[PDB]
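Kindly return the folded structure for what I paste below:
(2 chains, ligands or ions: 2)
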Amino acid sequence: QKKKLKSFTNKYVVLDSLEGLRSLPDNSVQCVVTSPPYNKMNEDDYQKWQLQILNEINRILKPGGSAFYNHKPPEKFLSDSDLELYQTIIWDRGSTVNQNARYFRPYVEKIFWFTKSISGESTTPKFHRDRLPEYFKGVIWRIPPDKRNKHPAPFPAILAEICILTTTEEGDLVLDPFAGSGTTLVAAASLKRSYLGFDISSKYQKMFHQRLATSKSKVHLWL
Amino acid sequence: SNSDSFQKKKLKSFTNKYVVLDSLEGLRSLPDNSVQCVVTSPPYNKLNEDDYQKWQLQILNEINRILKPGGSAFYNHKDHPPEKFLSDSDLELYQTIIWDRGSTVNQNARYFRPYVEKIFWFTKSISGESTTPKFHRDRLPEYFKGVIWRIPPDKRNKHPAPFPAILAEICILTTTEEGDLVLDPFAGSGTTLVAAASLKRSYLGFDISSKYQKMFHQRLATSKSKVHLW
Ligand SMILES: Nc1ncnc2c1ncn2[C@@H]1O[C@H](C[C@@H](N)CC[C@H](N)C(=O)O)[C@@H](O)[C@H]1O
Ligand SMILES: Nc1ncnc2c1ncn2[C@@H]1O[C@H](C[C@@H](N)CC[C@H](N)C(=O)O)[C@@H](O)[C@H]1O
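Numbering: from 1, shown residues only, chains lettered A, B, ... in the order given. Ligands and ions are numbered 1, 2, ... in the order given. Sure, structure below:
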């Protein structure tokens, strides 16, 4: 595992997410940014599967590490993992095509900010809010969808940038165990952090490899 | 039945009143399917974590009994996560509304600036089946049709921890007709009741504080029935 981590650094690995997490050694990942899929589902089956994912993330996180978990009663089962929920971030997407008038316009997704627990005690995450522009220092992030992304359900690069830049130094490992188009990986690389992704789709691995090749290494966050 | 007769009499006497009474006792005094809209922000403590949640489950279950079918309960949780126990209630969670207060004095840099409180929008469940809330989003300005409400705190309110009248107005106007009963079992300064009266709805509040009851009566007397939405 410790040797295998050297061989996992700056790679997009086509592999089941739980298998990949179990190959990582303890206290080896500084930051996780991810948006899990809907299914690889019965509600009970999905909860425990996501529960194994979160419990593995708690093991692999470094003390002071952070996991940012974008989800579309989720909090009912997320409480049951070894991870400690630290803050719930509100992602305001700006607009929504769902104009159904049975409810208020649902243009918000939650980003759960988890932190590692050692022996049942709550750590405080490494966090540098000063590194962000004022626009993103608050609990509501107004970030519109990234239309140029080829994945069916991605998140924007600047979303991962905010998570990575505030909780890492250069060279730290960033993990996305549901990498998809590789948005988290591209953000980490643009920020001179190391990256690692897991996905079951070799189509999306190829998508990430070509995305890496065809775009200049842009940073969206500003000073 | 004796209980039905007792609750009907209590409802008759309680209507358009701020009643100084324990919240659970007041709720159990109300008839089934008697309330169209609840807007409330519960206190931190009654009058441990396990006791608070057990107590709130009783409150929510009572609210489910007294809501009319298609009725709504708006439940602002001030600020392990509340959703863990809130889902055990007979009430059905329908949507979580994001109240953006605009700013916060807590500038502690250990987290993102926490200027958001949740407003849990519940609907009545009947025999384990969910209802569809009466809801008229067209009555709102475009500013309040989305799941985030930007509403700054009410500066002139004399209560230590109220919510603004326009918050209550949004909940009431979209889920009621004139004459419908609006309930706040934690009335405090009476913000919900003032909003209901300004909108020509019937109101009812419970709170253990005679001081806050007096606060409501004098607030109601010096207000001009202004509608903050309009
Ligand atoms: N069992 C599984 N193990 C690993 N990855 C999986 C599994 N099931 C689904 N996935 C992947 O999880 C991803 C979920 C996506 N919504 C992530 C998108 C990503 N945030 C992006 O920007 O592209 C999909 O690309 C799936 O291929
Ligand atoms: N057991 C109890 N039964 C009823 N009311 C209670 C009880 N314990 C506390 N309260 C009241 O609950 C209220 C909670 C307030 N934060 C509500 C404020 C209200 N939203 C306003 O705008 O003024 C306080 O006024 C308390 O007096």
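
Is the residue of chain A found nearest ligand 1 in a helix, a strand, or coil?
When distances are taken as Cβ to the nearest ligand atom, chain A reaches nearest to ligand 1 at residue A:180, 2.6 Å away. The C-beta positions use only the backbone N, C-alpha and C, and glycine is treated the same way. Using DSSP: H, G, I helix; E, B strand; the rest coil, the structure places residue A:180 in coil.

Select the longest strand from chain A.
With secondary structure taken from DSSP state E, chain A has its longest strand at strand A:61-71.

ok, back up a step: the closest residue in space to the residue of chain A closest to ligand 1 that isn't next to it in sequence and residue B:164: what is the separation?
Leaving out its chain neighbours, the residue that sits closest to residue A:180 by Cβ to Cβ, 6 or more residues apart in numbering or on different chains is residue A:151, at 4.8 Å. Note on residue A:151: its distance to residue B:164, by Cβ to Cβ, to the nearest Å, is 41 Å.

what's around residue A:104, how many residues?
24 (other Cβ atoms under 10 Å in any protein chain shown).

Distance-wise, check it relative to chain B.
Per Cβ to the nearest Cβ, to the nearest Å, residue A:104 is found 4 Å from chain B.

Briefly note if stretch A:22-35 comes near chain B.
No: residues of stretch A:22-35 are not located near chain B by Cβ under 8 Å from any Cβ of the partner chain, the shortest gap being 15.1 Å.

Determine how far the last residue of that stretch lies from the first.
19 Å (Cα to Cα, to the nearest Å).

likewise stretch A:31-51?
Note: stretch A:31-51 ends 18 Å apart using Cα to Cα.

so which residue of chain A comes closest to ligand 2?
Taking Cβ to the nearest ligand atom, chain A has residue A:104 as its residue nearest ligand 2, at 20.3 Å.

my read: that residue touches residue B:96, true?
No: between residue A:104 and residue B:96 no contact is recorded; they are 9.7 Å apart, counting by Cβ atoms under 8 Å.

in what helix or strand does the closest residue to chain B within chain A lie?
Closest approach between chain A and chain B, counting by Cβ to the nearest Cβ: residue A:75, at 3.7 Å. Assigned by DSSP states H and E, residue A:75 belongs to helix A:74-78.

Now the element after that helix, going C-ward?
Next along the chain after helix A:74-78, taking DSSP H and E as the criterion, comes strand A:84-92.

Can you pull out the residues in contact with that next one?
Strand A:84-92 is contacted by residues A:66, A:68, A:70, A:75, A:78-79, A:107-117, A:122-123, A:125, A:139-143, A:155, A:159, B:80-81, B:98, B:111-112, B:114, B:116, B:148 when judged by Cβ atoms under 8 Å, 6 or more residues apart in numbering or on different chains.

For the residue positioned nearest the centre of chain A, list each beta-bridge partner.
The centre of chain A sits closest to residue A:33, judged by Cα atoms, centre = their mean, with a distance of 1.4 Å. Counting by DSSP bridges, residue A:33 forms beta bridges with residue A:68.

residue contacts, it?
Contacts for residue A:33 were tallied using Cβ under 8 Å, 6+ apart; they are A:67-68, A:70, A:159-160, A:163-164, A:174, A:176, A:184, A:187.

Are any of the contacts of strand A:84-92 buried, and if so which?
The neighbour-count test (16 or more other Cβ atoms under 10 Å in any protein chain shown) marks A:66, A:68, A:70, A:75, A:78, A:107-117, A:123, A:125, A:139-141, A:143, A:155, A:159, B:81, B:98, B:111-112, B:114, B:116, B:148 as buried among the contacts of strand A:84-92.

coming back round to it: let me have the contacts of residue A:33 in CSV, extended by secondary structure and distance to ligand 1.
Formatted as CSV, these follow (DSSP: H, G, I helix; E, B strand; the rest coil; distance: Cβ to the nearest ligand atom, whole Å):
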residue, secondary structure, distance to ligand 1
A:67, strand, 14
A:68, strand, 11
A:70, strand, 7
A:159, helix, 9
A:160, helix, 8
A:163, helix, 12
A:164, helix, 13
A:174, strand, 13
A:176, strand, 7
A:184, helix, 7
A:187, helix, 10
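
which parts of chain A sit against ligand 1?
A:16-17, A:35, A:37, A:40, A:151, A:153-155, A:178, A:180-181, A:183, A:198-201, A:204 (Cβ under 6 Å from any ligand atom).

switch the cut-off to 5 Å
With Cβ under 5 Å from any ligand atom as the criterion, chain A meets ligand 1 at residues A:16-17, A:35, A:37, A:40, A:151, A:153-155, A:178, A:180-181, A:183, A:199-201.

So which of these sit within strands?
Short answer: the residues of chain A next to ligand 1 in strands (DSSP E) are residue A:199.

ok, which stretches of chain A are helices?
A:2-6, A:17-23, A:43-60, A:74-78, A:157-167, A:183-190, A:202-214 (DSSP state H).

need these in TSV with distance to ligand 2, can you?
Output for these, formatted as TSV (distance: least, Cβ to the nearest ligand atom, whole Å):
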stretch	distance to ligand 2
helix A:2-6	51
helix A:17-23	43
helix A:43-60	34
helix A:74-78	23
helix A:157-167	33
helix A:183-190	41
helix A:202-214	48
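
what sits against the nearest residue to residue A:2 once chain neighbours are set aside?
Closest residue to residue A:2 apart from its sequence neighbours, by Cβ to Cβ, 6+ apart: residue A:25 at 5.0 Å. Contacts for residue A:25 (Cβ under 8 Å, 6+ apart) come out as A:1-2, A:5, A:60.

What of residue A:62?
Going by Cβ under 8 Å, 6+ apart, the list of residues near residue A:62 reads A:27-30, A:116.

and the two most separated of the residues you listed?
A:28 and A:116 (11.6 Å; Cβ to Cβ).

For beta bridges, what are the partners of residue A:141?
Bridge pairing for residue A:141 - DSSP bridges - gives residue A:91.

residue contacts, it?
Here residue A:141 is in contact with A:89-92, A:111, A:159, A:162 (Cβ under 8 Å, 6+ apart).

Also residue A:19?
Neighbours of residue A:19 in contact, by Cβ under 8 Å, 6+ apart: none.

What of residue A:130?
By Cβ under 8 Å, 6+ apart, the neighbours of residue A:130 are residue B:109.

give me that answer again for 10 Å
Each residue near residue A:130 by Cβ atoms under 10 Å, 6 or more residues apart in numbering or on different chains is listed here: A:137, A:166, B:109.

List the residues that contact the first one.
Neighbour list for residue A:137: A:129-131, A:162, A:166, B:107, B:109, B:112-113 [criterion: Cβ under 10 Å, 6+ apart].
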